[PDB]
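Peer 1: So here's upload-v6.cif, just mmCIF, C-alpha atoms and all ligand atoms:
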data_input
#
loop_
_atom_site.label_atom_id
_atom_site.label_comp_id
_atom_site.auth_asym_id
_atom_site.auth_seq_id
_atom_site.Cartn_x
_atom_site.Cartn_y
_atom_site.Cartn_z
CA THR A 1203 0.00 0.00 0.00
CA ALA A 1204 2.05 3.02 -1.35
CA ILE A 1205 1.49 6.31 0.60
CA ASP A 1206 2.27 9.97 -0.22
CA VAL A 1207 3.60 11.83 2.90
CA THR A 1208 4.41 15.20 1.15
CA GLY A 1209 1.69 15.95 -1.49
CA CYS A 1210 -2.08 16.51 -1.00
CA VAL A 1211 -3.08 15.12 -4.52
CA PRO B 30 16.33 3.85 -5.17
CA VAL B 31 16.13 0.63 -2.99
CA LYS B 32 18.93 1.64 -0.54
CA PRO B 33 20.63 4.93 0.41
CA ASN B 34 24.42 5.23 0.90
CA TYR B 35 24.68 7.52 3.97
CA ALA B 36 28.36 7.98 4.98
CA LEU B 37 29.67 10.02 7.97
CA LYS B 38 30.87 13.48 6.76
CA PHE B 39 31.27 15.60 9.98
CA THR B 40 31.31 15.23 13.79
CA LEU B 41 30.08 18.29 15.77
CA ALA B 42 31.86 18.09 19.15
CA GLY B 43 31.71 20.65 21.98
CA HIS B 44 28.70 19.89 24.23
CA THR B 45 30.00 18.77 27.69
CA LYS B 46 26.98 16.53 28.51
CA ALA B 47 24.31 14.44 26.68
CA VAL B 48 22.95 16.07 23.48
CA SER B 49 19.09 16.11 23.63
CA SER B 50 17.95 17.42 20.19
CA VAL B 51 19.23 18.46 16.74
CA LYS B 52 17.14 20.44 14.22
CA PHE B 53 17.97 21.83 10.76
CA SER B 54 16.84 25.39 10.06
CA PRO B 55 13.99 25.35 7.50
CA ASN B 56 16.25 27.27 5.02
CA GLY B 57 18.86 24.41 5.23
CA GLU B 58 21.73 26.73 6.32
CA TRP B 59 22.02 25.83 10.06
CA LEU B 60 21.69 23.06 12.63
CA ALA B 61 20.68 23.82 16.28
CA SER B 62 21.60 21.44 19.14
CA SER B 63 20.42 21.37 22.79
CA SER B 64 22.14 19.57 25.68
CA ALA B 65 22.00 18.66 29.41
CA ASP B 66 24.97 21.17 29.55
CA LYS B 67 22.31 24.04 29.56
CA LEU B 68 23.55 25.21 26.11
CA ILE B 69 22.22 25.68 22.59
CA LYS B 70 24.82 25.43 19.86
CA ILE B 71 24.47 26.60 16.25
CA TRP B 72 26.44 24.89 13.44
CA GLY B 73 26.78 25.10 9.65
CA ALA B 74 24.47 22.45 8.09
CA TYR B 75 26.85 21.80 5.15
CA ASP B 76 30.41 22.00 6.75
CA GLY B 77 29.56 21.21 10.45
CA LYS B 78 31.47 24.43 11.41
CA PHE B 79 30.61 25.72 14.91
CA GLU B 80 28.87 29.12 14.73
CA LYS B 81 27.96 30.09 18.31
CA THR B 82 26.80 29.06 21.80
CA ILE B 83 23.49 30.52 23.15
CA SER B 84 23.48 30.47 26.99
CA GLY B 85 20.90 31.48 29.61
CA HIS B 86 18.89 28.37 30.67
CA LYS B 87 19.53 27.55 34.36
CA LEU B 88 19.33 23.74 33.82
CA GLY B 89 19.55 21.19 30.99
CA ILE B 90 17.64 21.70 27.72
CA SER B 91 15.56 18.80 26.24
CA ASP B 92 14.44 20.40 22.90
CA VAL B 93 14.87 23.32 20.49
CA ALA B 94 12.77 24.24 17.44
CA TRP B 95 13.16 26.83 14.66
CA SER B 96 10.70 29.33 13.32
CA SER B 97 9.84 29.04 9.58
CA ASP B 98 12.08 32.04 8.91
CA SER B 99 15.23 30.28 10.31
CA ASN B 100 15.73 33.44 12.53
CA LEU B 101 14.01 32.44 15.84
CA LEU B 102 14.62 29.39 18.02
CA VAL B 103 12.56 28.20 20.97
CA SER B 104 14.13 26.00 23.68
CA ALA B 105 12.50 23.80 26.34
CA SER B 106 14.35 23.41 29.69
CA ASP B 107 14.37 21.55 33.03
CA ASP B 108 14.31 25.16 34.48
CA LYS B 109 10.54 25.00 33.57
CA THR B 110 10.85 27.84 30.96
CA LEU B 111 10.92 28.11 27.21
CA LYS B 112 13.12 30.84 25.77
CA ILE B 113 12.71 32.54 22.40
CA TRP B 114 16.05 33.50 20.84
CA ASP B 115 17.11 35.70 17.98
CA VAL B 116 19.70 33.31 16.49
CA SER B 117 21.56 35.96 14.43
CA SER B 118 22.17 38.21 17.53
CA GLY B 119 22.26 35.44 20.23
CA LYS B 120 19.69 37.56 22.21
CA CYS B 121 16.97 36.10 24.46
CA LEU B 122 13.76 37.88 23.22
CA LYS B 123 11.27 36.35 25.73
CA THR B 124 11.10 33.77 28.54
CA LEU B 125 7.83 31.78 28.56
CA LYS B 126 6.78 31.07 32.18
CA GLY B 127 3.83 28.94 33.32
CA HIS B 128 4.82 25.25 33.27
CA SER B 129 5.12 23.75 36.81
CA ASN B 130 7.61 20.98 35.82
CA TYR B 131 10.37 20.37 33.19
CA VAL B 132 9.51 21.60 29.68
CA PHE B 133 10.38 18.61 27.45
CA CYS B 134 9.19 19.44 23.87
CA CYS B 135 8.40 22.59 21.81
CA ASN B 136 7.60 23.75 18.25
CA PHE B 137 6.48 26.83 16.35
CA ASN B 138 3.43 26.59 14.10
CA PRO B 139 4.29 26.90 10.38
CA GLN B 140 3.16 30.56 10.48
CA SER B 141 5.51 30.95 13.53
CA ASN B 142 3.11 33.29 15.43
CA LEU B 143 2.45 30.46 17.98
CA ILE B 144 4.59 28.09 20.07
CA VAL B 145 3.32 24.76 21.49
CA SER B 146 5.07 23.17 24.53
CA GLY B 147 4.71 19.88 26.43
CA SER B 148 5.87 19.34 30.02
CA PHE B 149 6.44 16.80 32.83
CA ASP B 150 3.52 18.82 34.38
CA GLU B 151 1.31 16.73 31.94
CA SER B 152 -0.02 19.89 30.18
CA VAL B 153 0.34 21.34 26.67
CA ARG B 154 0.56 25.17 26.48
CA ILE B 155 -0.02 27.36 23.40
CA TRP B 156 1.89 30.69 23.48
CA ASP B 157 1.73 33.97 21.53
CA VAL B 158 5.24 34.46 20.00
CA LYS B 159 4.92 38.32 19.79
CA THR B 160 3.87 38.94 23.45
CA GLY B 161 5.18 35.74 25.09
CA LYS B 162 1.73 35.32 26.71
CA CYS B 163 0.23 31.84 27.27
CA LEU B 164 -3.02 31.66 25.28
CA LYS B 165 -4.22 28.18 26.40
CA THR B 166 -3.25 25.45 28.88
CA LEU B 167 -4.59 21.99 27.83
CA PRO B 168 -4.99 19.19 30.41
CA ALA B 169 -3.56 17.07 27.63
CA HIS B 170 -2.21 13.96 29.36
CA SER B 171 -1.84 12.02 32.65
CA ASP B 172 2.01 11.65 32.53
CA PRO B 173 4.88 13.66 31.00
CA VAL B 174 4.29 15.00 27.45
CA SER B 175 7.06 13.51 25.24
CA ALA B 176 6.39 15.47 21.98
CA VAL B 177 4.23 18.26 20.44
CA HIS B 178 3.92 19.19 16.75
CA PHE B 179 1.68 21.42 14.63
CA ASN B 180 0.29 20.15 11.31
CA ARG B 181 1.25 21.94 8.12
CA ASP B 182 -1.60 24.57 8.19
CA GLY B 183 -1.33 25.12 12.01
CA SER B 184 -5.00 24.06 12.62
CA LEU B 185 -4.00 20.92 14.63
CA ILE B 186 -1.50 19.98 17.34
CA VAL B 187 -0.49 16.33 17.97
CA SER B 188 0.85 15.43 21.47
CA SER B 189 2.33 12.15 22.84
CA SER B 190 2.78 11.02 26.46
CA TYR B 191 4.19 8.33 28.71
CA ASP B 192 0.45 7.78 29.52
CA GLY B 193 0.26 5.70 26.28
CA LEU B 194 -1.79 8.17 24.18
CA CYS B 195 -1.39 10.23 21.02
CA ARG B 196 -3.87 13.14 21.01
CA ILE B 197 -4.99 15.59 18.27
CA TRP B 198 -6.02 19.10 19.49
CA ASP B 199 -7.93 21.89 17.74
CA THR B 200 -5.40 24.80 17.89
CA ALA B 201 -8.19 27.48 17.92
CA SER B 202 -10.46 25.89 20.63
CA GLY B 203 -8.04 23.61 22.48
CA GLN B 204 -10.65 20.78 22.22
CA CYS B 205 -9.36 17.15 22.00
CA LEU B 206 -10.50 15.96 18.53
CA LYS B 207 -9.06 12.45 18.67
CA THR B 208 -7.15 9.99 20.87
CA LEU B 209 -5.07 7.36 19.01
CA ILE B 210 -3.97 3.98 20.46
CA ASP B 211 -3.77 0.49 18.85
CA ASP B 212 -4.78 -1.80 21.83
CA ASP B 213 -1.17 -1.86 23.19
CA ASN B 214 -0.36 0.70 25.96
CA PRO B 215 3.44 1.27 26.14
CA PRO B 216 4.58 4.87 26.74
CA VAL B 217 4.53 7.09 23.61
CA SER B 218 7.95 8.72 23.40
CA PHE B 219 7.61 10.75 20.15
CA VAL B 220 5.06 11.97 17.57
CA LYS B 221 5.11 14.25 14.47
CA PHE B 222 2.89 14.98 11.48
CA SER B 223 4.09 14.00 8.00
CA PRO B 224 4.97 17.01 5.78
CA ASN B 225 1.46 16.97 4.20
CA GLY B 226 -0.24 16.65 7.65
CA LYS B 227 -2.20 13.54 6.54
CA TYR B 228 -0.15 11.04 8.64
CA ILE B 229 1.35 10.95 12.14
CA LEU B 230 4.57 9.04 12.95
CA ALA B 231 4.75 7.93 16.61
CA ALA B 232 7.35 5.97 18.65
CA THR B 233 6.42 3.69 21.54
CA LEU B 234 8.85 2.35 24.17
CA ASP B 235 8.33 -1.29 22.99
CA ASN B 236 10.77 -0.88 20.04
CA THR B 237 8.08 0.30 17.53
CA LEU B 238 7.49 3.23 15.15
CA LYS B 239 3.79 3.56 14.14
CA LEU B 240 2.42 5.55 11.15
CA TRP B 241 -1.25 6.60 11.54
CA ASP B 242 -3.76 7.79 8.92
CA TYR B 243 -5.21 9.77 11.83
CA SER B 244 -8.39 10.94 9.98
CA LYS B 245 -9.28 7.19 9.42
CA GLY B 246 -8.04 6.39 13.00
CA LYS B 247 -5.97 3.59 11.42
CA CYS B 248 -2.34 2.57 11.93
CA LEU B 249 -1.21 1.89 8.30
CA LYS B 250 2.52 1.04 8.79
CA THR B 251 5.02 0.08 11.53
CA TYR B 252 8.85 0.16 11.48
CA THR B 253 10.66 -2.32 13.78
CA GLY B 254 14.15 -3.93 14.28
CA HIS B 255 15.61 -1.02 16.34
CA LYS B 256 15.95 -0.79 20.19
CA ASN B 257 13.75 1.76 21.99
CA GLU B 258 12.51 0.86 25.49
CA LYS B 259 13.86 3.74 27.66
CA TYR B 260 14.51 7.09 25.95
CA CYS B 261 12.46 9.61 23.96
CA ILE B 262 14.11 9.13 20.54
CA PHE B 263 13.14 11.56 17.70
CA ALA B 264 12.31 9.96 14.30
CA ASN B 265 11.76 11.57 10.86
CA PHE B 266 10.46 11.35 7.35
CA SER B 267 13.34 11.54 4.80
CA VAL B 268 11.79 12.84 1.51
CA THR B 269 14.72 14.63 -0.33
CA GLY B 270 15.77 11.43 -2.18
CA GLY B 271 14.28 7.98 -1.58
CA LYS B 272 11.35 7.99 0.87
CA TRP B 273 12.71 6.72 4.22
CA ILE B 274 11.88 6.65 7.91
CA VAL B 275 14.90 7.58 10.06
CA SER B 276 15.37 7.02 13.82
CA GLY B 277 17.89 6.70 16.62
CA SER B 278 18.22 3.48 18.63
CA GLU B 279 19.46 2.36 22.05
CA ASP B 280 22.09 0.07 20.33
CA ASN B 281 23.85 3.36 19.36
CA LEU B 282 22.87 3.09 15.64
CA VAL B 283 20.83 5.23 13.26
CA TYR B 284 18.14 3.05 11.52
CA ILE B 285 16.76 3.85 8.05
CA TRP B 286 13.65 2.05 6.68
CA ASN B 287 11.91 1.99 3.29
CA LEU B 288 8.78 4.21 3.92
CA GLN B 289 6.54 1.90 1.80
CA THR B 290 7.87 -1.66 2.42
CA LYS B 291 8.97 -1.02 6.06
CA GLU B 292 12.21 -2.97 5.43
CA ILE B 293 15.46 -1.78 7.07
CA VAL B 294 17.69 -0.35 4.29
CA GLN B 295 20.66 1.07 6.29
CA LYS B 296 22.15 1.13 9.84
CA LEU B 297 24.71 3.92 10.55
CA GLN B 298 27.49 2.97 13.05
CA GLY B 299 29.55 5.63 14.82
CA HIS B 300 27.83 6.81 18.03
CA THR B 301 29.14 5.41 21.37
CA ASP B 302 25.82 5.96 23.19
CA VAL B 303 22.04 6.01 22.56
CA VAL B 304 21.10 8.06 19.48
CA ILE B 305 18.42 10.30 21.10
CA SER B 306 17.66 12.56 18.10
CA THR B 307 17.76 12.50 14.29
CA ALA B 308 16.92 15.24 11.79
CA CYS B 309 16.62 15.24 7.97
CA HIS B 310 17.88 18.25 5.93
CA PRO B 311 15.05 20.05 4.03
CA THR B 312 16.70 19.88 0.52
CA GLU B 313 19.86 17.69 0.64
CA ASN B 314 20.17 13.96 1.55
CA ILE B 315 21.79 14.82 4.95
CA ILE B 316 20.93 13.25 8.34
CA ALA B 317 21.96 14.81 11.68
CA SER B 318 22.18 12.39 14.65
CA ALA B 319 22.86 13.26 18.35
CA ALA B 320 23.74 10.91 21.24
CA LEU B 321 23.68 10.75 25.05
CA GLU B 322 26.21 11.23 27.92
CA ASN B 323 28.90 8.66 26.81
CA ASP B 324 29.04 10.19 23.27
CA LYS B 325 28.18 13.97 23.49
CA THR B 326 28.38 14.41 19.70
CA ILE B 327 26.23 15.34 16.73
CA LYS B 328 27.06 13.62 13.42
CA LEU B 329 26.26 14.70 9.83
CA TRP B 330 25.73 11.87 7.29
CA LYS B 331 25.32 12.40 3.53
CA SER B 332 23.81 10.15 0.84
CA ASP B 333 23.55 10.30 -2.98
CA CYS B 334 19.82 9.26 -2.59
CL CL A 1301 34.00 23.89 14.22
CL CL A 1302 11.21 7.26 20.96
#
Turn the structure described in the file into structure tokens.
Peer 2:
Amino acid sequence: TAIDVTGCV
Amino acid sequence: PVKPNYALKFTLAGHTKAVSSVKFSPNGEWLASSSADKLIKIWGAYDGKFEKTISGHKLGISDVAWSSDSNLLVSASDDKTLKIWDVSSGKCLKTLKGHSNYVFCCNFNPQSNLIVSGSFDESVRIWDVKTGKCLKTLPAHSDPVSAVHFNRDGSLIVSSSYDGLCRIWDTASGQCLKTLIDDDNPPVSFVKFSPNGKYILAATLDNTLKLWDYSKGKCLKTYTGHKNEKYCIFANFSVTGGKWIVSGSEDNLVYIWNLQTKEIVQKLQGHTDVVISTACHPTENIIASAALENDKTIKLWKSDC
């Protein structure tokens, strides 16, 4: 499960 | 990038007791260190060159934090004060009085008009930077407050405590919006929001890092293999190259994990005591690590990814 910790998509 | 290649570049020696915290200035130019020696030290982020000592706390310092403009520092001391410093002049601008026991953790909000503090008095205080006045005292926890952090728009504070809880606070109202726990109850020794504010990274004193999607109330990832049963060790998101989790450990190593897969990708050997604090540079692949009484140093490590 890949997560994005810097962007807010 | 499956693995970084952090190598030791510089050792920052000079503190005469345990180092407690290291933080890069948001503009990448400086590192600030705090110590049981009652001193703040400022260093060049890129060359490790000593810049200056900032003195005035009456007892040891547990934490320091920068303002977003890389000009102000706040420190948290066993003397039960925070101090706001002008780093370029060395001057103490304000002393924040009100905690009844050791101040252990501090941060500015991103706007840097507020400071949040946590104490062995089990409270969280929110302070006006301009006036130094305490705006709110929260009855946040039932044991010492180990960490406090604002989210990226300043609307939320996360706190952690030896009581076993992570709590999310409305900055404006001071109301507790959420308590996070996963059915285990070891002390919580650290907590911070991810850069986007969507996740919280917490450390518990049973050798575990825990990453929460706090809006879903769900723990999505853990990072394990390190030693952390005693001390409040500061961990980080590394996002300049590969996406890593970084932490200190009680076996004297720095641990680096793959953010996604949770696998250990690197262990950095060099400290001679517990690595109490790590920091990740805002633009370059540079880690700062700081260790306790039998080491007394800060180290700068650099990677190509
Ligand atoms: Cl130097
Ligand atoms: Cl910890």
Peer 1: Got a sec to pull out which chain A residues are within 6 Å of chain B, counting all atoms listed in the file, and send them as a ChimeraX atom specification?
Peer 2: /A:1204,1207-1209
Peer 1: Counting all atoms listed in the file, which residues come within 12 Å of (17.6, 4.7, 19.9), with the point read in the file's coordinates, and could you list them as a ChimeraX atom specification?
Peer 2: /B:218-219,232-238,253-264,275-285,296-297,300-307,318-321
Peer 1: Step by step, measure atom-to-atom distances between ligand CL 1301 (chain A) and each residue using only C-alpha atoms and all ligand atoms, keep those at most 8 Å, then write them as a list in words.
Peer 2: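 Here is the list of contacting residues: residues 41, 42, 72, 77, 78, 79 and 80 of chain B.
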Peer 1: Of the residues B:334, B:231, B:309, B:293, which is the one nearest to ligand CL 1302 (chain A), using only C-alpha atoms and all ligand atoms?
Peer 2: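 Distance minimum relative to ligand CL 1302 (chain A) lands on B:231.
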Peer 1: What residues have an atom no more than 7 Å from (23.1, 26.1, 30.9) in the file's own frame, counting all atoms listed in the file, and can you write them as a PyMOL selection string?
Peer 2: chain B and resi 66-68+84-89
Peer 1: So that I can see what lies close to residue 332 in chain B, please list as a PyMOL selection string the residues with an atom at most 7 Å from it, counting all atoms listed in the file and leaving out residues fewer than 4 positions away in the same chain.
Peer 2: chain B and resi 33-36+314-315
Peer 1: Might you pull out every residue within 12 Å of residue 312 in chain B, with only C-alpha atoms counted and same-chain residues fewer than 3 positions away left off, and present them as a VMD selection string?
Peer 2: chain B and resid 53 to 58 74 to 75 267 to 270 309 315 to 316 331 334
